[PDB]
Amino acid sequence: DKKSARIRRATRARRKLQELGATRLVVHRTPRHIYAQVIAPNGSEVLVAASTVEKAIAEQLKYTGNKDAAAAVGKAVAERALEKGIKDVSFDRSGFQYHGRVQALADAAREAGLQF
Amino acid sequence: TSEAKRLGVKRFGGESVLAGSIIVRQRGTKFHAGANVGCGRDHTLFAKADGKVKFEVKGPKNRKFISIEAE
Amino acid sequence: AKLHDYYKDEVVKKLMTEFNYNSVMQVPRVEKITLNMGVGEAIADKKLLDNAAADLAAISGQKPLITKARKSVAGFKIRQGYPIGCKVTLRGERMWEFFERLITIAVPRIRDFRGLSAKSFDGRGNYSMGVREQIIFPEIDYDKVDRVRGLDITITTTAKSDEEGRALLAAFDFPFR
RNA sequence: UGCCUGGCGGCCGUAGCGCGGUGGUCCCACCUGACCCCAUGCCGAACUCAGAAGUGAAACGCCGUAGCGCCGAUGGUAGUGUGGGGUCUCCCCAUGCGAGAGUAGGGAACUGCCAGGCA
RNA sequence: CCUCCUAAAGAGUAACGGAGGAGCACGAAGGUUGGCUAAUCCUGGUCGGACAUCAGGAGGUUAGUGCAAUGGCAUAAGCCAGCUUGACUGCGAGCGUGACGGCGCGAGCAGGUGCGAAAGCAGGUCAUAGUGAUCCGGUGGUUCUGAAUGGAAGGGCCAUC
RNA sequence: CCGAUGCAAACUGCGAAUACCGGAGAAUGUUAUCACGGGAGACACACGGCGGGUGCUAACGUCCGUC
């Protein structure tokens, strides 16, 4: 049991962030591809979603999944959020570890000038 | 070879309770806090903002949540 | 690594020819070999357990972890949390070398070598065995022997039936019963 | 706009359990070694690094199986507020509210958004 | 002083009513991050057969959570590794009860902390019992006041054995 | 003890009427409601109906909640 354990572990913060009702940035990390979504407090709509699979940002990337790809996804999400007006969404690690690609993506997102 | 304690729901559904009001002071957790509802150390559900009180069943385990909606 | 190449080259090929599967890895694979002791005689003395644990660490590539008791029963005079045994978990190159070194030299030299016990299965595919005279292994020498202790080696099998376990055991020709 | 796959919510057994079949186009999964970021209350056990080198083993998506389980009427039944009566320990009368279980029936769920492959 | 009924589905409602336990304890059994989370049963083990230990499975909260007993508890209110003392000070809208003395929960503000990348958490312990009011005696501060003046004796309030 | 059948104050995978809290509404009721102030009185109640406990499920025996 890997996916079930991951979902169960993430559910802690997933429910914790709901009490305060703030927009949340979640990241789904896979070796083949990486995705980053901004979810409104309602939980049924995503303000902005970025994926490594699409060729908009994968043209300059040798492979869809790597540290450089994570940084590119983070910067794309950050710039899109800046031009959309997210107003300092909170962050969630989706039950992952904040030491590798997750940390790289978070640092890339914060580089643009975000305050999360 | 004592003195009874007061339990049960103090504020039911539809009451426009005030912030900090004790909706239910129960033994443990008969109902779980939802939106705009806290949980004290003694497992007491207290309102966080003015509004109407509602009870709703949600979750795979079918557990009742006490929630507060706009007045 | 060292033995997995030969495994895939020969054992997988022979078993595939025998059973006529479709998926290349349809042959069940072994994940880990758990080294354990059923000594059950360290209750009086803790130094015996300490020495046996040192022996396990010496023979294996990693040190064991002391395990506590599960239940307390007055009939057998056992409390809760009592440390009696320990286990070693191996998965990967260490396991490949351990298995090769064992099956090469250690297995043949057994007193009363009447064969293995295929009937001693879990009923689902795993085979667990225990023999005395750890002195047989070369990592332990005669000059550093405290007492005779039994072993417990359980091979990991992902199969859903005993036929696959029998085939895997016969892969190394299963000398005899 | 149709089929397929993942993620995020509502619904919490009409979403479940058992059985047969199908999925490598994309996606997802199995994994090599880790002396490198990271680590084991021992184990690269779990997370992290490079994919198609092979595959769909197991999990998971879908179709059928109503076998199990679930919901579920109308009706009746027990019960009960009110006023009265009797052989007054108990029951009945007029009126209002109405069980559980089972039967008919359903279902192998549905719905909102984003992403990707084939059309 | 607490743990269920008689007590007729809100609370309450009887007769040395039916029932025991606390009158402790943890200064760690407190707070924070990551990860993990069965019991029970079939089967293999030198004995181990289930019963002195381990791994392949059925099963998902029947184990546990310090207590006699009780509810709720797998996003476990548990259970491994980590860092500390928020068990800090002034407080505090509102609420639950009470005849009073009062008791409990509590959003949130100011100072400064620990855990964290952040989101945020921490004003003791999973909780219901686990304690002491009035008076009296011991100590520190205050010229606040002081029977003419400056002190002092003696009082008044703050912490508190 | 394995499965089944009946049964219960410290038994409920379900579940009434009744009672309680709150919201909306026509009609009636001399505001019958709430708050403060002055003045009180009373502080061995009895019997009966309704549903129980207790009692030897013998008593015009005993105590409860409602009228």
# chains A, B, ... in the order shown; residues from 1 in each chain; ligands from 1

call {"tool": "interface_residues", "arguments": {"of": "chain E", "to": "chain A", "cutoff": "8 Å", "atoms": "only C-alpha atoms (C1' of nucleotides)", "output": "PDB file with C-alpha atoms (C1' of nucleotides), in the first residue's frame"}}
result
ATOM      1  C1'   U E  75      -6.440  12.361   9.494  1.00  0.00           C
ATOM      2  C1'   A E 117      10.404  25.916   4.172  1.00  0.00           C
ATOM      3  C1'   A E 118       5.707  27.504   5.001  1.00  0.00           C
ATOM      4  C1'   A E 119       0.722  26.607   6.188  1.00  0.00           C
TER       5        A E 119
END

call {"tool": "select_by_dssp", "arguments": {"residues": "chain B", "states": "strand (DSSP E or B)", "output": "MDAnalysis selection string"}}
result
chainID B and resid 9 16:17 22:25 32:33 37 44:47 51:58 63:69

call {"tool": "write_last_selection", "arguments": {"atoms": "N, CA and C atoms", "output": "PDB file, in the first residue's frame"}}
result
ATOM      1  N   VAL B   9     -27.052  18.343  23.971  1.00  0.00           N
ATOM      2  CA  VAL B   9     -26.918  19.504  23.098  1.00  0.00           C
ATOM      3  C   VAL B   9     -27.632  20.690  23.732  1.00  0.00           C
ATOM      4  N   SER B  16     -29.517  30.944  16.047  1.00  0.00           N
ATOM      5  CA  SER B  16     -28.536  31.958  15.660  1.00  0.00           C
ATOM      6  C   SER B  16     -27.622  32.248  16.851  1.00  0.00           C
ATOM      7  N   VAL B  17     -26.772  31.263  17.150  1.00  0.00           N
ATOM      8  CA  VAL B  17     -25.887  31.375  18.303  1.00  0.00           C
ATOM      9  C   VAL B  17     -24.809  32.422  18.037  1.00  0.00           C
ATOM     10  N   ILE B  22     -21.397  27.399  23.368  1.00  0.00           N
ATOM     11  CA  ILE B  22     -21.167  25.962  23.476  1.00  0.00           C
ATOM     12  C   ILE B  22     -22.381  25.263  22.873  1.00  0.00           C
ATOM     13  N   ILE B  23     -22.231  24.774  21.641  1.00  0.00           N
ATOM     14  CA  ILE B  23     -23.333  24.083  20.978  1.00  0.00           C
ATOM     15  C   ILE B  23     -23.667  22.795  21.718  1.00  0.00           C
ATOM     16  N   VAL B  24     -22.643  22.037  22.100  1.00  0.00           N
ATOM     17  CA  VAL B  24     -22.839  20.772  22.802  1.00  0.00           C
ATOM     18  C   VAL B  24     -21.635  20.517  23.695  1.00  0.00           C
ATOM     19  N   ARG B  25     -21.900  20.224  24.964  1.00  0.00           N
ATOM     20  CA  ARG B  25     -20.885  19.796  25.921  1.00  0.00           C
ATOM     21  C   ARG B  25     -21.175  18.332  26.231  1.00  0.00           C
ATOM     22  N   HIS B  32     -18.624  16.043  15.436  1.00  0.00           N
ATOM     23  CA  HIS B  32     -17.327  16.622  15.112  1.00  0.00           C
ATOM     24  C   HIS B  32     -17.499  18.031  14.563  1.00  0.00           C
ATOM     25  N   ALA B  33     -16.575  18.919  14.917  1.00  0.00           N
ATOM     26  CA  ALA B  33     -16.623  20.282  14.408  1.00  0.00           C
ATOM     27  C   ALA B  33     -16.416  20.291  12.899  1.00  0.00           C
ATOM     28  N   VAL B  37     -16.373  25.991  13.572  1.00  0.00           N
ATOM     29  CA  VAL B  37     -16.609  25.332  14.851  1.00  0.00           C
ATOM     30  C   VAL B  37     -15.274  24.828  15.380  1.00  0.00           C
ATOM     31  N   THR B  44     -15.107  19.964  23.602  1.00  0.00           N
ATOM     32  CA  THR B  44     -16.312  20.781  23.607  1.00  0.00           C
ATOM     33  C   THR B  44     -16.382  21.569  22.307  1.00  0.00           C
ATOM     34  N   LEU B  45     -17.512  21.464  21.614  1.00  0.00           N
ATOM     35  CA  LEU B  45     -17.729  22.193  20.372  1.00  0.00           C
ATOM     36  C   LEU B  45     -18.256  23.585  20.703  1.00  0.00           C
ATOM     37  N   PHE B  46     -17.543  24.612  20.250  1.00  0.00           N
ATOM     38  CA  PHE B  46     -17.922  25.994  20.497  1.00  0.00           C
ATOM     39  C   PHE B  46     -17.934  26.763  19.186  1.00  0.00           C
ATOM     40  N   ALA B  47     -18.922  27.639  19.034  1.00  0.00           N
ATOM     41  CA  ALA B  47     -19.035  28.445  17.830  1.00  0.00           C
ATOM     42  C   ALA B  47     -17.872  29.424  17.727  1.00  0.00           C
ATOM     43  N   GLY B  51     -23.965  32.992  13.472  1.00  0.00           N
ATOM     44  CA  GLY B  51     -24.621  32.315  12.374  1.00  0.00           C
ATOM     45  C   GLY B  51     -25.559  31.242  12.880  1.00  0.00           C
ATOM     46  N   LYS B  52     -26.178  30.557  11.922  1.00  0.00           N
ATOM     47  CA  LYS B  52     -27.111  29.481  12.219  1.00  0.00           C
ATOM     48  C   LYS B  52     -26.368  28.155  12.333  1.00  0.00           C
ATOM     49  N   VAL B  53     -26.892  27.272  13.179  1.00  0.00           N
ATOM     50  CA  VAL B  53     -26.269  25.990  13.486  1.00  0.00           C
ATOM     51  C   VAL B  53     -26.951  24.902  12.669  1.00  0.00           C
ATOM     52  N   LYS B  54     -26.147  24.025  12.069  1.00  0.00           N
ATOM     53  CA  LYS B  54     -26.661  22.917  11.279  1.00  0.00           C
ATOM     54  C   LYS B  54     -25.868  21.656  11.594  1.00  0.00           C
ATOM     55  N   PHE B  55     -26.538  20.513  11.485  1.00  0.00           N
ATOM     56  CA  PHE B  55     -25.914  19.205  11.640  1.00  0.00           C
ATOM     57  C   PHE B  55     -25.984  18.480  10.304  1.00  0.00           C
ATOM     58  N   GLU B  56     -24.845  17.977   9.833  1.00  0.00           N
ATOM     59  CA  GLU B  56     -24.790  17.329   8.528  1.00  0.00           C
ATOM     60  C   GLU B  56     -23.959  16.059   8.611  1.00  0.00           C
ATOM     61  N   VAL B  57     -24.417  15.009   7.937  1.00  0.00           N
ATOM     62  CA  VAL B  57     -23.727  13.724   7.920  1.00  0.00           C
ATOM     63  C   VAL B  57     -22.855  13.666   6.673  1.00  0.00           C
ATOM     64  N   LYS B  58     -21.551  13.473   6.868  1.00  0.00           N
ATOM     65  CA  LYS B  58     -20.617  13.382   5.757  1.00  0.00           C
ATOM     66  C   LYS B  58     -19.460  12.475   6.147  1.00  0.00           C
ATOM     67  N   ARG B  63     -20.302  10.208   9.859  1.00  0.00           N
ATOM     68  CA  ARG B  63     -20.159  10.895  11.133  1.00  0.00           C
ATOM     69  C   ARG B  63     -20.799  12.274  11.042  1.00  0.00           C
ATOM     70  N   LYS B  64     -21.485  12.675  12.108  1.00  0.00           N
ATOM     71  CA  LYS B  64     -22.229  13.927  12.101  1.00  0.00           C
ATOM     72  C   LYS B  64     -21.320  15.094  12.467  1.00  0.00           C
ATOM     73  N   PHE B  65     -21.334  16.121  11.624  1.00  0.00           N
ATOM     74  CA  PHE B  65     -20.556  17.332  11.819  1.00  0.00           C
ATOM     75  C   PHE B  65     -21.488  18.484  12.169  1.00  0.00           C
ATOM     76  N   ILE B  66     -21.090  19.251  13.176  1.00  0.00           N
ATOM     77  CA  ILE B  66     -21.768  20.479  13.570  1.00  0.00           C
ATOM     78  C   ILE B  66     -21.089  21.628  12.842  1.00  0.00           C
ATOM     79  N   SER B  67     -21.872  22.417  12.109  1.00  0.00           N
ATOM     80  CA  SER B  67     -21.351  23.507  11.301  1.00  0.00           C
ATOM     81  C   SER B  67     -22.183  24.759  11.538  1.00  0.00           C
ATOM     82  N   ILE B  68     -21.589  25.907  11.218  1.00  0.00           N
ATOM     83  CA  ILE B  68     -22.243  27.203  11.354  1.00  0.00           C
ATOM     84  C   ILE B  68     -22.237  27.890   9.997  1.00  0.00           C
ATOM     85  N   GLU B  69     -23.414  28.309   9.549  1.00  0.00           N
ATOM     86  CA  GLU B  69     -23.588  29.024   8.293  1.00  0.00           C
ATOM     87  C   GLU B  69     -23.946  30.478   8.577  1.00  0.00           C
TER      88      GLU B  69
END

call {"tool": "residues_around", "arguments": {"residues": "stretch 5-13 of chain F", "least_positions_apart": "5", "cutoff": "8 Å", "atoms": "only C-alpha atoms (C1' of nucleotides)", "output": "ChimeraX atom specification"}}
result
/E:4-6

call {"tool": "residues_around", "arguments": {"residues": "stretch 91-101 of chain E", "least_positions_apart": "5", "cutoff": "12 Å", "atoms": "only C-alpha atoms (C1' of nucleotides)", "output": "PyMOL selection string"}}
result
(chain B and resi 5-11+17-26+44-50) or (chain E and resi 11+106-111+123+133-134)

call {"tool": "interface_residues", "arguments": {"of": "chain D", "to": "chain A", "cutoff": "12 Å", "atoms": "only C-alpha atoms (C1' of nucleotides)", "output": "PyMOL selection string"}}
result
chain D and resi 6-10+26-29+37-38+46-52+58-60+111-117

call {"tool": "write_last_selection", "arguments": {"atoms": "C-alpha atoms (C1' of nucleotides)", "output": "PDB file, in the first residue's frame"}}
result
ATOM      1  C1'   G D   6      -4.315  10.785 -13.807  1.00  0.00           C
ATOM      2  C1'   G D   7      -5.341  14.779 -10.210  1.00  0.00           C
ATOM      3  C1'   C D   8      -8.720  17.888  -7.283  1.00  0.00           C
ATOM      4  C1'   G D   9     -14.351  18.025  -4.560  1.00  0.00           C
ATOM      5  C1'   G D  10     -19.663  16.553  -3.531  1.00  0.00           C
ATOM      6  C1'   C D  26      -0.988   8.133 -23.782  1.00  0.00           C
ATOM      7  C1'   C D  27      -0.931   7.778 -18.576  1.00  0.00           C
ATOM      8  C1'   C D  28       0.005   4.733 -14.212  1.00  0.00           C
ATOM      9  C1'   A D  29       2.675   0.592 -11.984  1.00  0.00           C
ATOM     10  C1'   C D  37      20.483  15.530  -1.434  1.00  0.00           C
ATOM     11  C1'   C D  38      18.187  12.079   1.812  1.00  0.00           C
ATOM     12  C1'   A D  46       9.808   3.986   3.300  1.00  0.00           C
ATOM     13  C1'   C D  47      11.353   8.940   0.434  1.00  0.00           C
ATOM     14  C1'   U D  48      15.273  10.860  -3.350  1.00  0.00           C
ATOM     15  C1'   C D  49      18.518  10.513  -7.991  1.00  0.00           C
ATOM     16  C1'   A D  50      18.765   8.328 -14.288  1.00  0.00           C
ATOM     17  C1'   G D  51      13.145   5.139 -18.228  1.00  0.00           C
ATOM     18  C1'   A D  52      11.826   2.286 -21.751  1.00  0.00           C
ATOM     19  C1'   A D  58       0.700  -7.291  -8.508  1.00  0.00           C
ATOM     20  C1'   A D  59      -2.296  -2.785  -7.657  1.00  0.00           C
ATOM     21  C1'   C D  60      -5.466   0.212 -10.267  1.00  0.00           C
ATOM     22  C1'   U D 111     -22.130  14.288 -10.706  1.00  0.00           C
ATOM     23  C1'   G D 112     -18.413  19.445 -11.065  1.00  0.00           C
ATOM     24  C1'   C D 113     -13.370  21.206 -12.818  1.00  0.00           C
ATOM     25  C1'   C D 114      -8.143  20.715 -14.808  1.00  0.00           C
ATOM     26  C1'   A D 115      -4.542  17.993 -17.279  1.00  0.00           C
ATOM     27  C1'   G D 116      -2.737  14.287 -21.233  1.00  0.00           C
ATOM     28  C1'   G D 117      -3.242  10.247 -25.762  1.00  0.00           C
TER      29        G D 117
END

call {"tool": "interface_residues", "arguments": {"of": "chain D", "to": "chain C", "cutoff": "6 Å", "atoms": "only C-alpha atoms (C1' of nucleotides)", "output": "list in words"}}
result
residues 42, 43 and 57 of chain D

call {"tool": "write_last_selection", "arguments": {"atoms": "N, CA, C and O atoms (P, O5', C5', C4', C3', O3' and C1' of nucleotides)", "output": "PDB file, in the first residue's frame"}}
result
ATOM      1  P     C D  42      18.787   0.733  14.596  1.00  0.00           P
ATOM      2  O5'   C D  42      18.913  -0.599  13.732  1.00  0.00           O
ATOM      3  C5'   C D  42      19.016  -0.544  12.315  1.00  0.00           C
ATOM      4  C4'   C D  42      19.563  -1.830  11.746  1.00  0.00           C
ATOM      5  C3'   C D  42      19.501  -1.964  10.232  1.00  0.00           C
ATOM      6  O3'   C D  42      20.578  -1.315   9.581  1.00  0.00           O
ATOM      7  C1'   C D  42      18.713  -3.957  11.247  1.00  0.00           C
ATOM      8  P     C D  43      20.290  -0.252   8.415  1.00  0.00           P
ATOM      9  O5'   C D  43      19.560  -1.106   7.286  1.00  0.00           O
ATOM     10  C5'   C D  43      20.239  -2.155   6.613  1.00  0.00           C
ATOM     11  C4'   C D  43      19.305  -2.945   5.733  1.00  0.00           C
ATOM     12  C3'   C D  43      18.512  -2.136   4.720  1.00  0.00           C
ATOM     13  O3'   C D  43      19.260  -1.831   3.556  1.00  0.00           O
ATOM     14  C1'   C D  43      17.068  -3.642   5.837  1.00  0.00           C
ATOM     15  P     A D  57      -0.678  -9.158 -16.031  1.00  0.00           P
ATOM     16  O5'   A D  57       0.569  -9.549 -15.117  1.00  0.00           O
ATOM     17  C5'   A D  57       0.907 -10.910 -14.887  1.00  0.00           C
ATOM     18  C4'   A D  57       1.832 -11.062 -13.704  1.00  0.00           C
ATOM     19  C3'   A D  57       1.348 -10.444 -12.403  1.00  0.00           C
ATOM     20  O3'   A D  57       0.447 -11.285 -11.699  1.00  0.00           O
ATOM     21  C1'   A D  57       3.600  -9.818 -12.787  1.00  0.00           C
TER      22        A D  57
END

call {"tool": "interface_residues", "arguments": {"of": "chain A", "to": "chain B", "cutoff": "9 Å", "atoms": "only C-alpha atoms", "output": "list in words"}}
result
residues 18, 19 and 20 of chain A

call {"tool": "write_last_selection", "arguments": {"atoms": "C-alpha atoms", "output": "PDB file, in the first residue's frame"}}
result
ATOM      1  CA  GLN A  18      -9.969  23.680   4.831  1.00  0.00           C
ATOM      2  CA  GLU A  19     -10.931  25.227   8.181  1.00  0.00           C
ATOM      3  CA  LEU A  20      -9.244  28.518   7.253  1.00  0.00           C
TER       4      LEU A  20
END

call {"tool": "atom_distance", "arguments": {"atom1": "atom CA of residue A:34", "atom2": "atom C1' of residue D:2"}}
result
27.6 Å

call {"tool": "closest_residue", "arguments": {"among": "C:96, C:134, C:176, C:33", "to": "residue C:7", "atoms": "only C-alpha atoms"}}
result
C:96

call {"tool": "atom_distance", "arguments": {"atom1": "atom CA of residue B:3", "atom2": "atom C1' of residue E:9"}}
result
22.1 Å

call {"tool": "atom_distance", "arguments": {"atom1": "atom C1' of residue D:69", "atom2": "atom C1' of residue D:15"}}
result
13.0 Å

call {"tool": "select_by_dssp", "arguments": {"residues": "stretch 12-81 of chain C", "states": "helix (DSSP H, G or I)", "output": "PyMOL selection string"}}
result
chain C and resi 12-19+24-26+46-59

call {"tool": "write_last_selection", "arguments": {"atoms": "N, CA and C atoms", "output": "PDB file, in the first residue's frame"}}
result
ATOM      1  N   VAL C  12      15.148 -18.530 -14.986  1.00  0.00           N
ATOM      2  CA  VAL C  12      13.918 -18.002 -15.563  1.00  0.00           C
ATOM      3  C   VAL C  12      13.617 -18.698 -16.882  1.00  0.00           C
ATOM      4  N   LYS C  13      14.645 -18.930 -17.701  1.00  0.00           N
ATOM      5  CA  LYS C  13      14.427 -19.590 -18.984  1.00  0.00           C
ATOM      6  C   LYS C  13      13.885 -21.002 -18.797  1.00  0.00           C
ATOM      7  N   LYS C  14      14.493 -21.782 -17.899  1.00  0.00           N
ATOM      8  CA  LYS C  14      14.041 -23.157 -17.699  1.00  0.00           C
ATOM      9  C   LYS C  14      12.623 -23.188 -17.141  1.00  0.00           C
ATOM     10  N   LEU C  15      12.324 -22.308 -16.181  1.00  0.00           N
ATOM     11  CA  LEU C  15      10.987 -22.302 -15.596  1.00  0.00           C
ATOM     12  C   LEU C  15       9.943 -21.837 -16.607  1.00  0.00           C
ATOM     13  N   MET C  16      10.291 -20.857 -17.445  1.00  0.00           N
ATOM     14  CA  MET C  16       9.404 -20.433 -18.522  1.00  0.00           C
ATOM     15  C   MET C  16       9.144 -21.573 -19.495  1.00  0.00           C
ATOM     16  N   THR C  17      10.187 -22.318 -19.860  1.00  0.00           N
ATOM     17  CA  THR C  17       9.989 -23.459 -20.747  1.00  0.00           C
ATOM     18  C   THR C  17       9.080 -24.495 -20.100  1.00  0.00           C
ATOM     19  N   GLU C  18       9.245 -24.718 -18.794  1.00  0.00           N
ATOM     20  CA  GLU C  18       8.461 -25.743 -18.114  1.00  0.00           C
ATOM     21  C   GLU C  18       6.986 -25.361 -18.035  1.00  0.00           C
ATOM     22  N   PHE C  19       6.691 -24.106 -17.681  1.00  0.00           N
ATOM     23  CA  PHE C  19       5.330 -23.725 -17.319  1.00  0.00           C
ATOM     24  C   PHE C  19       4.577 -22.938 -18.387  1.00  0.00           C
ATOM     25  N   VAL C  24       7.388 -11.891 -18.909  1.00  0.00           N
ATOM     26  CA  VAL C  24       8.783 -12.261 -18.684  1.00  0.00           C
ATOM     27  C   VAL C  24       9.041 -12.486 -17.199  1.00  0.00           C
ATOM     28  N   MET C  25       8.496 -11.614 -16.348  1.00  0.00           N
ATOM     29  CA  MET C  25       8.645 -11.736 -14.903  1.00  0.00           C
ATOM     30  C   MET C  25       7.480 -12.480 -14.261  1.00  0.00           C
ATOM     31  N   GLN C  26       6.748 -13.283 -15.036  1.00  0.00           N
ATOM     32  CA  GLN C  26       5.686 -14.083 -14.440  1.00  0.00           C
ATOM     33  C   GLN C  26       6.247 -15.058 -13.414  1.00  0.00           C
ATOM     34  N   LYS C  46      21.417 -12.571  29.609  1.00  0.00           N
ATOM     35  CA  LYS C  46      21.436 -11.590  28.532  1.00  0.00           C
ATOM     36  C   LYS C  46      22.740 -11.618  27.745  1.00  0.00           C
ATOM     37  N   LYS C  47      23.831 -12.083  28.359  1.00  0.00           N
ATOM     38  CA  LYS C  47      25.100 -12.157  27.645  1.00  0.00           C
ATOM     39  C   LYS C  47      25.037 -13.159  26.502  1.00  0.00           C
ATOM     40  N   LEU C  48      24.264 -14.236  26.662  1.00  0.00           N
ATOM     41  CA  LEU C  48      24.083 -15.181  25.566  1.00  0.00           C
ATOM     42  C   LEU C  48      23.465 -14.490  24.357  1.00  0.00           C
ATOM     43  N   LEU C  49      22.406 -13.710  24.586  1.00  0.00           N
ATOM     44  CA  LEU C  49      21.770 -12.976  23.497  1.00  0.00           C
ATOM     45  C   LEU C  49      22.717 -11.948  22.900  1.00  0.00           C
ATOM     46  N   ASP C  50      23.483 -11.257  23.744  1.00  0.00           N
ATOM     47  CA  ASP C  50      24.428 -10.268  23.234  1.00  0.00           C
ATOM     48  C   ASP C  50      25.468 -10.922  22.328  1.00  0.00           C
ATOM     49  N   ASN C  51      26.012 -12.062  22.757  1.00  0.00           N
ATOM     50  CA  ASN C  51      27.007 -12.764  21.951  1.00  0.00           C
ATOM     51  C   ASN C  51      26.407 -13.272  20.647  1.00  0.00           C
ATOM     52  N   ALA C  52      25.193 -13.829  20.703  1.00  0.00           N
ATOM     53  CA  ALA C  52      24.544 -14.310  19.488  1.00  0.00           C
ATOM     54  C   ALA C  52      24.278 -13.164  18.522  1.00  0.00           C
ATOM     55  N   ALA C  53      23.884 -12.002  19.047  1.00  0.00           N
ATOM     56  CA  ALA C  53      23.666 -10.835  18.198  1.00  0.00           C
ATOM     57  C   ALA C  53      24.967 -10.368  17.560  1.00  0.00           C
ATOM     58  N   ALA C  54      26.062 -10.387  18.324  1.00  0.00           N
ATOM     59  CA  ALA C  54      27.362 -10.074  17.738  1.00  0.00           C
ATOM     60  C   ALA C  54      27.702 -11.055  16.624  1.00  0.00           C
ATOM     61  N   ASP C  55      27.402 -12.337  16.835  1.00  0.00           N
ATOM     62  CA  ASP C  55      27.639 -13.341  15.801  1.00  0.00           C
ATOM     63  C   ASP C  55      26.812 -13.057  14.552  1.00  0.00           C
ATOM     64  N   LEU C  56      25.538 -12.700  14.730  1.00  0.00           N
ATOM     65  CA  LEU C  56      24.690 -12.387  13.584  1.00  0.00           C
ATOM     66  C   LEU C  56      25.231 -11.186  12.820  1.00  0.00           C
ATOM     67  N   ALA C  57      25.654 -10.146  13.542  1.00  0.00           N
ATOM     68  CA  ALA C  57      26.227  -8.980  12.883  1.00  0.00           C
ATOM     69  C   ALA C  57      27.497  -9.350  12.127  1.00  0.00           C
ATOM     70  N   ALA C  58      28.331 -10.207  12.719  1.00  0.00           N
ATOM     71  CA  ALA C  58      29.573 -10.604  12.063  1.00  0.00           C
ATOM     72  C   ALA C  58      29.297 -11.383  10.783  1.00  0.00           C
ATOM     73  N   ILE C  59      28.371 -12.343  10.841  1.00  0.00           N
ATOM     74  CA  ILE C  59      28.100 -13.167   9.665  1.00  0.00           C
ATOM     75  C   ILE C  59      27.430 -12.338   8.575  1.00  0.00           C
TER      76      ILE C  59
END

call {"tool": "closest_residue", "arguments": {"among": "E:16, E:8, E:50, E:1", "to": "chain C", "atoms": "only C-alpha atoms (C1' of nucleotides)"}}
result
E:50

call {"tool": "interface_residues", "arguments": {"of": "chain E", "to": "chain C", "cutoff": "7 Å", "atoms": "only C-alpha atoms (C1' of nucleotides)", "output": "list in words"}}
result
residues 43, 44, 45, 46, 52, 53, 54, 55 and 56 of chain E

call {"tool": "write_last_selection", "arguments": {"atoms": "C-alpha atoms (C1' of nucleotides)", "output": "PDB file, in the first residue's frame"}}
result
ATOM      1  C1'   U E  43       0.446 -21.912   8.280  1.00  0.00           C
ATOM      2  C1'   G E  44       6.493 -22.728   8.799  1.00  0.00           C
ATOM      3  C1'   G E  45      10.115 -22.988  12.042  1.00  0.00           C
ATOM      4  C1'   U E  46      16.024 -26.703  17.228  1.00  0.00           C
ATOM      5  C1'   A E  52       9.708 -17.952  25.461  1.00  0.00           C
ATOM      6  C1'   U E  53      11.049 -15.399  19.374  1.00  0.00           C
ATOM      7  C1'   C E  54      10.708 -14.481  13.977  1.00  0.00           C
ATOM      8  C1'   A E  55       7.755 -14.382   8.479  1.00  0.00           C
ATOM      9  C1'   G E  56       3.895 -15.777   4.327  1.00  0.00           C
TER      10        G E  56
END

call {"tool": "residues_around", "arguments": {"residues": "residue C:107", "least_positions_apart": "4", "cutoff": "10 Å", "atoms": "only C-alpha atoms (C1' of nucleotides)", "output": "NGL selection string"}}
result
:C and (101-103 or 113 or 115-116 or 136-137)

call {"tool": "residues_around", "arguments": {"residues": "residue D:94", "least_positions_apart": "3", "cutoff": "12 Å", "atoms": "only C-alpha atoms (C1' of nucleotides)", "output": "list in words"}}
result
residues 82, 83 and 84 of chain D

call {"tool": "interface_residues", "arguments": {"of": "chain B", "to": "chain F", "cutoff": "7 Å", "atoms": "only C-alpha atoms (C1' of nucleotides)", "output": "CSV table (one decimal) with N, CA, C and O atoms, in the first residue's frame"}}
result
chain,number,residue,atom,x,y,z
B,12,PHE,N,-29.5,23.7,19.4
B,12,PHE,CA,-29.9,22.8,18.3
B,12,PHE,C,-29.8,23.5,17.0
B,12,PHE,O,-29.4,24.6,16.9
B,14,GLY,N,-30.8,25.6,13.7
B,14,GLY,CA,-31.6,26.7,13.4
B,14,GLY,C,-31.3,27.9,14.4
B,14,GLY,O,-31.9,29.0,14.2
B,15,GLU,N,-30.6,27.7,15.5
B,15,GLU,CA,-30.3,28.7,16.5
B,15,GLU,C,-29.3,29.6,16.0
B,15,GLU,O,-28.2,29.2,15.5

call {"tool": "closest_atom_pairs", "arguments": {"of": "chain B", "to": "chain D", "cutoff": "8 Å", "atoms": "only C-alpha atoms (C1' of nucleotides)", "output": "tab-separated table"}}
result
residue	atom	partner	partner_atom	distance
B:58	CA	D:12	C1'	7.4
B:59	CA	D:12	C1'	6.2
B:60	CA	D:12	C1'	4.7
B:61	CA	D:12	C1'	7.5
B:62	CA	D:12	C1'	7.0

call {"tool": "decode", "arguments": {"residues": "stretch 143-148 of chain C", "atoms": "C-alpha atoms", "output": "short mmCIF file (atom, residue, chain, number, x, y, z; two decimals), in the first residue's frame"}}
result
data_model
loop_
_atom_site.label_atom_id
_atom_site.label_comp_id
_atom_site.auth_asym_id
_atom_site.auth_seq_id
_atom_site.Cartn_x
_atom_site.Cartn_y
_atom_site.Cartn_z
CA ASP C 143 37.77 -21.00 18.39
CA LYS C 144 34.90 -18.49 18.79
CA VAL C 145 31.95 -20.79 19.53
CA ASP C 146 29.91 -20.26 22.70
CA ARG C 147 27.08 -22.76 22.21
CA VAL C 148 25.13 -24.64 19.55
#
